[PDB]
């Protein structure tokens, strides 16, 4: 499986700061076997894509589930393709838990994006009260099942990267270990093996979307079922390059 590192800029960006990050990526020495993605705010998607080498993927941080219509404030996969972008992050914990997106909506969006030629980082993960009730797997599997049920063709799994987010470690004073990450990633892969196929399970990338830093990235990357990262705050800093090189 090809190592995969995505930088989620979240709601951070400006022409001036974007240019600084683009220059950092342009001059960086990165393992050529690593897939690298950045996700700027939607206003900046066309310009960042124009300015950045195709070696780097440029992803939207959200999209909707039809090509056009009466959905004020939403953008469609067709629009992403129109400005040269073929990736999107869907189901991020901030969109599920702050902006109230349901499991079914995430699955509908994932099917539609892939049908339009946009690859998907599909995010899953459990909250602290769910983890404490022993429902880590029950929650993650329910989120995955909502994606699976909504896909329209078996090949769509070739266009998905799964990101596990330990939401229970965000603003709770709890911290996740690399062993805890590996245990969830392995459980998710075995769900793929049982519910989809062993062939998809062996080839799909499952990336870790908790706190990823220059200090912890190598111990996370060496875990056998952790295939890369969806990076938060460190994607805005020179540390992102060290994280891209965590597998080498």
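Positions refer to the first chain, counted from 1.
Taking the mean C-alpha B-factor of each stretch as recorded, 166-174 and 98-106 are not equal, and the higher mean is that of 166-174. In this crystal structure, the stretch out of 66-74 and 213-221 whose C-alpha atoms carry the higher mean B factor is 213-221. Split the chain's modelled residues into thirds by C-alpha temperature factor. Residue 206 is in the lowest one. Per the deposited record, the Cα B-factor of residue 226 falls in the middle third when ranked against the other modelled residues of its chain.
For residue 33, the recorded CA temperature factor ranks within the highest third of the chain's modelled residues. Per the deposited record, the Cα B-factor of residue 243 falls in the middle third when ranked against the other modelled residues of its chain.
Sort the modelled residues of the chain by CA B factor and residue 198 lands in the highest third.
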